[PDB]
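Sequences listed follow chains Z and F, in order. Under my numbering, the first residue of the first sequence is numbered 360, with each subsequent residue one higher. Under my numbering, the first residue of the second sequence is numbered 360, with each subsequent residue one higher.
2 protein chains.
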Amino acid sequence: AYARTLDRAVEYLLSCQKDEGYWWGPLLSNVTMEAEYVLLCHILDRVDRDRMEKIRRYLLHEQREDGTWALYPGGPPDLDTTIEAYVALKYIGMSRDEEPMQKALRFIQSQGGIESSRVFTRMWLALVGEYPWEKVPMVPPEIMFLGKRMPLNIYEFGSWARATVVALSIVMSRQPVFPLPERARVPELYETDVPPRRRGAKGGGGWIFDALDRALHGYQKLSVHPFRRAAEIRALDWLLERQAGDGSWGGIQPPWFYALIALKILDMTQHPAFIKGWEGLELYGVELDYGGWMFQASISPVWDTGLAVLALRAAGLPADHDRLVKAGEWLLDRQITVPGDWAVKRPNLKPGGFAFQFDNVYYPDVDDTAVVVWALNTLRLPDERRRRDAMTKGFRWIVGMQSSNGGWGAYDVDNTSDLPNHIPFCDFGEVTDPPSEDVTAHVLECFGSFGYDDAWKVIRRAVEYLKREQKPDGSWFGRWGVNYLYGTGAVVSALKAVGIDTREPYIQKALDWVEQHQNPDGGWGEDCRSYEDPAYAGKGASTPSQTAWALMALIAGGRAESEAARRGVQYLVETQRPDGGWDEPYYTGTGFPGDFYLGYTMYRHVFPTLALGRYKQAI
Amino acid sequence: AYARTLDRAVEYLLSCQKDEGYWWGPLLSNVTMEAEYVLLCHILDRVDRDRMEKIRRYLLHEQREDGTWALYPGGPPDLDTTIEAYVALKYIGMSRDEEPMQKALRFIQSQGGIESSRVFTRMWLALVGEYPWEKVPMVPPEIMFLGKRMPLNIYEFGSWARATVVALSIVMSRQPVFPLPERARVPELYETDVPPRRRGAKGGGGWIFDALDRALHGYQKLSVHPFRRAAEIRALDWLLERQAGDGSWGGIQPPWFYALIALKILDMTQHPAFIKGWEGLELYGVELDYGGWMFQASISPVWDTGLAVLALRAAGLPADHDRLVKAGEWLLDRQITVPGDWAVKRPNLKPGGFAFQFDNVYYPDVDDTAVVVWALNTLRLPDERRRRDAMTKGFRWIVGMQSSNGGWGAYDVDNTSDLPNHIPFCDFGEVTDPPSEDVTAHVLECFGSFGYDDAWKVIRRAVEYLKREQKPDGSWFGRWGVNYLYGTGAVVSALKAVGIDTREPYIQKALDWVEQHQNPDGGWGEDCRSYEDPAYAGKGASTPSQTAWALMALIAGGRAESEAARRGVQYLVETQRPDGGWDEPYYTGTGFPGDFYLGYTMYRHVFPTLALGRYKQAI
Ligand SMILES: C=CCN(C)CCCCCCOc1ccc(C(=O)c2ccc(Br)cc2)c(F)c1
Ligand SMILES: C=CCN(C)CCCCCCOc1ccc(C(=O)c2ccc(Br)cc2)c(F)c1
Ligand SMILES: CCCCCCCCOCCOCCOCCOCCO
Ligand SMILES: CCCCCCCCOCCOCCOCCOCCO
């Protein structure tokens, strides 16, 4: 039955594999990457008329009928995203008259205007002179002086937040202004009567910070700020020490962009670091077939290659398949062997993790390290010395990274401080990196491959953590993937692998939940709204990936030979394309709950395969 | 008569001009650059059989009958240069047996062996494990803590010294060892009965540092060195901050190589600085036509382009010559507009100097700045705006560099501390950058063209400086060019340009000295020995450059219509090659009096033209 689905899915995946032997699907986010790029180019005085044209095509193409832009496809209009897209276009050429510019302008107005957008948006606008700097939460160079164990030192923030904060402290330190030509000034972003509805600090504002901010803004005004020259040079130095191999910082868009702005502020355009940073940008860009161009928020090669392998194996290919080997060898050269920023909490831990992207040695993550190691543990390579070797370093590093509660975070250990969540500046997404159910589940499944189990103290501490986190309805939240369908699938699949008894009550209470959310069309789906309003948990249009996820939670808990189970397999079988692929016009990836969503291009192909591979196993 | 000669020299130079519009002659030094590269490659584990071949044919081709290598051509065998070339070869393939390995080994031994070589040589050997680290002068990371105004802080050393010291402090901090395979171990460098005759610190040993070093080597042995981790990172960051545009450090070989070694030590072979630093190396290499390969100690494009222009103008071509304009435009894009290290003594000085090489913004020198500005002054470029403007910026940067005595140094102001000259480590060449007669003369000659006479207090302070420095026999020492013939030509040619009276006594006492040293063959020549033993001042085989120098001192002081004057012009007119060029198998350039000599390829072509250009003027 489904067997021709598996055969077609396989050959397809294999067609996607690059030569070097890895898979790499583009990462989808939202138009702010491109809009901010347009502005970075203006700031760095490096505008390419031809590029802008491809950009403008994309920006419009992405705009909706109502004239707004959202975070995920089919999502509510977003103010920040639309403001930034609006200014981006008006600068590229569009006149505030044109139908498209018209619609958006009226939406931005209906919302209270520029005064209702996040810090980043008002800050970007501050940079081109269309918004007062005095009204932007202040982050000072001096933060560089807080020691390792101090409230708010840069190591209390999550990896991604950290590097951005440092880059910005230099920029906010000088509060520079790169004027836009009159042609693109956007005063009209203020023309509204609607009351400005401002978003506050992610975790609630303490009148303390509010005051501290006001304090910092006045201080900024003095004629002399002692040791500030130093604070800066401490930041710049922190920056130059980490710049990734591809010229980026952390392999993510934000700190990368800010770090480049920062060197321009510091008159260092002709310094190796600035040059590598500038030209490394091109690797993240993507030429869209319909004429546009988009910039990736980050890149997922290692991650794609990792899942790719596991799916093709669970799906059937021999552990020594000449094509799967190209991948194994490739993954081995990827392992990171030097102290990262994680070393600050675990100095006697031996380097051995992996990154999400190509070259990013200072920021390996537990999620990637686990999937890559586990994946290797399923292949038979030529240099069995290295495979054995690599797997252990990664493994010992994963265990070394386990946080206090028994679960794993993404980049750091016990990055659970609650302090950063209240600063005025922090009003967008997560800012700390605490342990999550999904990353933890992926670790356990990994250990479980090697056979470790409920008997080992490390694994019990974890399962205790998962048991305590389980939601009332027996579902598990999905931190890096949308959402409860993602998390529950991950946990139940893991708990099954670490020997736990699939019959337990809390486990059953979970599968019931999964069978209970199947759409009429057989498959499962969960809309990104499930982070905002609970009435959406497990509800949403069916997707090949989210179906595949619910399928694993069932196949894992024994219910493989079920109705909902066989009904779901039908969905994947029916909806597959003639080439073996799958379509998925929705986002199933999560950047930050409620604020940033991602589209993982390979999920639609890999997971359906991995689920079908495991179904063909239960038989 | 001479006109056909000049006419040909002019067209020859014009044929050497690269496309972009600049001239660039290879810089010749000695085989240590290549021998050290071979070792750098071993250390960094990046050996290319094919290069080692070219490097071997080259080292061999440079060895002499007696089986030794010298600093300059026709110079006395050099122990350091030979030891290093010996080890280089033995590593590439040569067996201690073969004729070359034999003759050199004998020389080496007859000198006391490895124990008689400079610090660098014993240090390089220490790095591959053929010499104890404990016996090498120690320079610690901690030197990084001495403040701006403290005995021995890194800013008391000259630009070139400084960067090397920083790079090394990190290396000496770890005292790493990269073992050579048994095949190349060189124990035989110790097998000698001759008493090891060690060279001491440049200015002299103080029993203090002699103690303090033992001090350090002792502290080096402890189990704990507080704040050293941070002393190191200071040196690391210091380096990351100043890395040149081409990935080098200071555009010179020493700090560049040591900085790379230092990064490797710190597992930073995955970092942007090191990558760019490593691939930058190819630009300095040179493919030799006989199948050899040599690495330049530094590169002189700006410098060549500068004189090139001045010679072609003094010779005749229109100040608006479409060919010189390509050069003018090029030189304008070269001007450095950011605070260098010189800013540490002159914070309110506006950047406007130029560098010796292509991209080296942190280290512009007065010599280049002066020649480039002046040469531009003799042109008419299509952008009288930028031309007028740069000259002014550079002018001021020159003016603001004028040291305490009125005379300029190369890279820094009053870099006259006498302290560094006594450290055990400093036993090779200069280590500070005090003002010299030649740089000062080139500055004066620059102002001169604008129209600035002896009225201006600026000028006078300088001329006072020169007058006081003049040697007993009316000659002027040559710091960056060999030697008294160089200096004296520079001075007298300058004093003439700043309005001074060519008839004065001290001036005449100079020209007489010129006339008095003319070699019978009509020209002038000065051997590099004139730095070691006074007998050679103004003595040595006649060269096209040195002749042209003595010719300017004469044309300047009125004696253009003289015997020695027309006799010298005869020499150039004749010795000139059929293509228009000139040959010059000797070095006329000075790296460090007595220790490091350079061969400026373009000197043989540019100066004879410039001297003939000025003779065709006095008529
Ligand atoms: C799925 C499994 C693999 N997993 C371990 C890696 C995937 C997560 C990393 C990719 C996301 O990268 C980011 C991250 C953030 C941002 C911010 O906007 C941000 C927001 C706030 C701040 Br403060 C700074 C930047 C961004 F733009 C991109
Ligand atoms: C005439 C034109 C203008 N003039 C100012 C520029 C020409 C001089 C710069 C070119 C030479 O550069 C150097 C310099 C040094 C060294 C050292 O060996 C050295 C030895 C000891 C130490 Br401690 C450090 C480096 C070197 F190898 C090369
Ligand atoms: C430079 C001192 C050598 C000691 C290195 C151990 C550093 C441990 O890492 C601490 C955490 O900071 C993250 C470092 O990654 C940055 C690279 O810095 C370069 C060499 O340390
Ligand atoms: C990085 C803080 C910005 C203040 C720097 C201006 C300091 C003036 O220079 C002092 C002398 O140090 C030499 C600097 O050249 C090195 C580059 O460092 C990067 C930016 O200054």
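For every residue, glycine included, the Cβ atom is placed at its ideal position computed from N, Cα and C.
The segment 677-692 of chain F touching the segment 650-666 of chain F, judged by at least three CB pairs closer than 8 angstroms = Touching, yes, given that three or more Cβ pairs across the two stretches are closer than 8 angstroms.
When the Cα atoms are used, what is the spatial distance from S454(F) to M460(F)?
-> For this step, residue 454(F) is matched to residue 95 along the second sequence. For this step, residue 460(F) is matched to residue 101 along the second sequence. Rounded to whole angstroms, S454(F) and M460(F) show a C-alpha spacing of 7 angstroms.
Ignore the nearest five residues each way along the sequence and tell me which others in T696(F)'s own chain have a CB closer than 6 angstroms to its CB.
-> For this step, residue 696(F) is matched to residue 337 along the second sequence. Cβ within range, chain order: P710.
N-terminal and C-terminal residue of the alpha helix (DSSP H) that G958(F) is part of | The residue labelled residue 958(F) in the question sits at position 599 within the second sequence. Not the alpha helix (DSSP H): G958(F) falls in the beta strand (DSSP E), residues 955-959.
Drop a sphere of 10 angstroms on the beta-carbon of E493(Z), count the other beta-carbons inside from all chains shown, and report buried for 16 or more, exposed for fewer.
-> Here residue 493(Z) refers to the residue found at position 134 when the first sequence is read from its first residue. The residue is exposed, with fewer than 16 neighbouring Cβ atoms inside 10 Å.
Would you report the Cα separation of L622(F) and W615(F), rounded to the nearest angstrom?
-> Position 263 of the second sequence, counting from 1, holds the residue named residue 622(F). Position 256 of the second sequence, counting from 1, holds the residue named residue 615(F). Each residue's alpha carbon lies about 11 angstroms from the other.
Examine the Cβ distances between the segment 946-959 of chain F and the segment 787-795 of chain F and report whether three or more of them are shorter than 8 angstroms.
-> yes
First through last residue of the beta strand (DSSP E) which encompasses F537(F) = Here residue 537(F) is taken as the residue at index 178 of the second sequence, counted from 1. Segment: none, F537(F) is in no beta strand (DSSP E) and carries neither H nor E.
Would you say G606(F) reaches chain Z, if we count a Cβ-Cβ gap shorter than 8 angstroms as a contact?
-> As a first step, residue 606(F) must be located in the second sequence, where it is residue number 247. Chain Z contact via Cβ: present.
What number of angstroms, rounded off, separates the C-alpha of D812(F) from the C-alpha of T902(F)?
-> Mapped onto the second sequence, residue 812(F) falls at position 453. Mapped onto the second sequence, residue 902(F) falls at position 543. Near 33 angstroms, if we compare the C-alpha coordinates of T902(F) and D812(F).
Check whether the Cβ of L691(F) sits closer than 7 angstroms to any heavy atom of ligand 4, and report yes or no.
-> Within the second sequence, residue 691(F) is the residue found at index 332, counting from 1. No, the beta carbon of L691(F) sits no closer than 7 angstroms to any heavy atom of ligand 4.
Candidates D366(F), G434(F), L386(F), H401(F): closest to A900(F) by CA position = Within the second sequence, residue 900(F) is the residue found at index 541, counting from 1. Taking only the C-alpha atoms, the option nearest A900(F) is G434(F).
Using 8 angstroms as the Cβ pair cut-off and three pairs as the minimum, do the segment 705-721 of chain Z and the segment 666-685 of chain Z touch?
-> no
Step through the CB atoms of chain Z and report whether any lies within less than 8 angstroms of the CB of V720(F).
-> By 1-based counting over the second sequence, the position of residue 720(F) is 361. The C-beta of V720(F) comes closer than 8 angstroms to at least one C-beta of chain Z.
Pairwise C-alpha distance: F754(Z) and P893(Z) | To locate residue 893(Z), count along the first sequence from 1; it is residue 534. To locate residue 754(Z), count along the first sequence from 1; it is residue 395. So the alpha carbons of these two residues sit roughly 36 angstroms apart.
Pair within 8 angstroms by beta-carbon distance, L464(Z) and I473(Z) = Along the first sequence, one-based indexing puts residue 464(Z) at 105. Along the first sequence, one-based indexing puts residue 473(Z) at 114. It is not a contact, given that the beta carbons lie outside the stated cut-off.
What residues from chain F crowd round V661(Z), counting only those whose CB sits closer than 8 angstroms?
-> For the purposes of this step, residue 661(Z) is taken as residue 302 along the first sequence, with counting starting at 1. By Cβ distance, chain F contributes nothing, its closest Cβ being about 15 angstroms from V661(Z), past 8 angstroms.
Is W756(F) buried or exposed, if buried means 16 or more other CB atoms sit within 10 Å of its CB?
-> What you label residue 756(F) is simply residue 397 of the second sequence in a count that begins at 1. Label assigned to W756(F): buried.
Those residues, in chain order, that have a beta-carbon closer than 6 angstroms to some heavy atom of ligand 2 = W519(F), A520(F), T523(F), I611(F), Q612(F), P613(F), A656(F), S657(F), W662(F), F715(F), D724(F), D726(F), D727(F), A769(F), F787(F), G788(F), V790(F), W839(F), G950(F), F955(F)
At least one CB of chain Z closer than 8 angstroms to the CB of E600(F): is that the case?
-> Counted from its first residue, the second sequence places residue 600(F) at position 241. True, the Cβ-Cβ gap to chain Z drops below 8 angstroms.
Taking the alpha-carbon positions, what's the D832(F) to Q877(F) distance?
-> Indexing the second sequence from 1 puts residue 832(F) at position 473. Indexing the second sequence from 1 puts residue 877(F) at position 518. Cα-Cα distance, rounded: 15 angstroms.
CB contact check: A632(Z) to chain F, cutoff 8 angstroms = As a position in the first sequence, residue 632(Z) is number 273, starting the count at 1. Chain F, which has a Cβ nearer than 8 angstroms to the Cβ of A632(Z), makes this yes.
Can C805(Z) be considered in contact with ligand 1, in the sense that its beta carbon sits closer than 7 angstroms to one or more heavy atoms?
-> Here residue 805(Z) refers to the residue found at position 446 of the first sequence. No - ligand 1 has no heavy atom lying nearer than 7 angstroms to the Cβ of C805(Z).
List the residues of chain Z that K709(F) touches, going by C-beta distances under 8 angstroms, in chain order.
-> Translated into positions along the second sequence, residue 709(F) becomes position 350. The premise fails here: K709(F) is roughly 13 angstroms from chain Z at the closest Cβ pair, so nothing lies under 8 angstroms.
Mind checking which residues open and close the alpha helix (DSSP H) that includes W908(Z)?
-> Translated into the one-based positions of the first sequence, residue 908(Z) becomes position 549. Counting along the chain, the alpha helix (DSSP H) containing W908(Z) begins and ends at 903-915.
CB of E600(F) to nearest heavy atom of ligand 4: below 7 angstroms?
-> If you number the second sequence from 1, residue 600(F) lands on position 241. The answer is yes for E600(F).
Test item: CB-CB of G948(F) and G840(F) under 8 angstroms | In the second sequence, counting from the first residue as 1, residue 948(F) sits at position 589. In the second sequence, counting from the first residue as 1, residue 840(F) sits at position 481. Closer than 8 angstroms, so yes.
For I695(F), which residues does DSSP report across the bridge?
-> The residue you call residue 695(F) lines up with position 336 of the second sequence. For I695(F), which the question treats as bridged, DSSP gives no partner whatsoever.
Collapsed DSSP secondary structure at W701(Z) in the structure displayed = In the first sequence, residue 701(Z) corresponds to position 342, counting from 1. Three-state DSSP puts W701(Z) in a helix.
Taking all protein chains shown into account, decide if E743(F) is buried (16 or more other Cβ within 10 angstroms of its Cβ) or exposed.
-> The count along the second sequence starts at 1 and reaches residue 743(F) at position 384. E743(F) sits exposed, since fewer than 16 C-beta atoms from the chains shown fall within 10 Å of its C-beta.
Could you check what DSSP says for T949(F) in three-state terms: helix, strand or coil?
-> As a position in the second sequence, residue 949(F) is number 590, starting the count at 1. Looking at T949(F) - three-state DSSP - the assignment turns out to be strand.
Exposure of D596(F), with buried meaning 16 or more beta-carbon neighbours within 10 Å | Reading the second sequence from its first residue, position 237 is the one you call residue 596(F). Classification for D596(F): buried.
Are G565(Z) and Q629(F) close, meaning C-beta to C-beta below 8 angstroms?
-> The residue labelled residue 565(Z) in the question sits at position 206 within the first sequence. The residue labelled residue 629(F) in the question sits at position 270 within the second sequence. Contact: no.
Compare the Cα-Cα distances from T934(Z) to each of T960(Z), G881(Z), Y946(Z), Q761(Z) and report the closest residue.
-> Stepping through the first sequence from its first residue, residue 934(Z) is reached at position 575. That would be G881(Z), whose Cα lies nearest to the Cα of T934(Z).
Same chain only: Cβ atoms within 6 angstroms of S808(Z), ignoring 5 sequence neighbours per side | Walking along the first sequence from the start, residue 808(Z) turns up at place 449. So the qualifying residues of the chain are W733, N736.
Going along the chain, which residues of the segment 507-518 of chain F sit with their C-beta nearer than 8 angstroms to a C-beta in chain Z?
-> none
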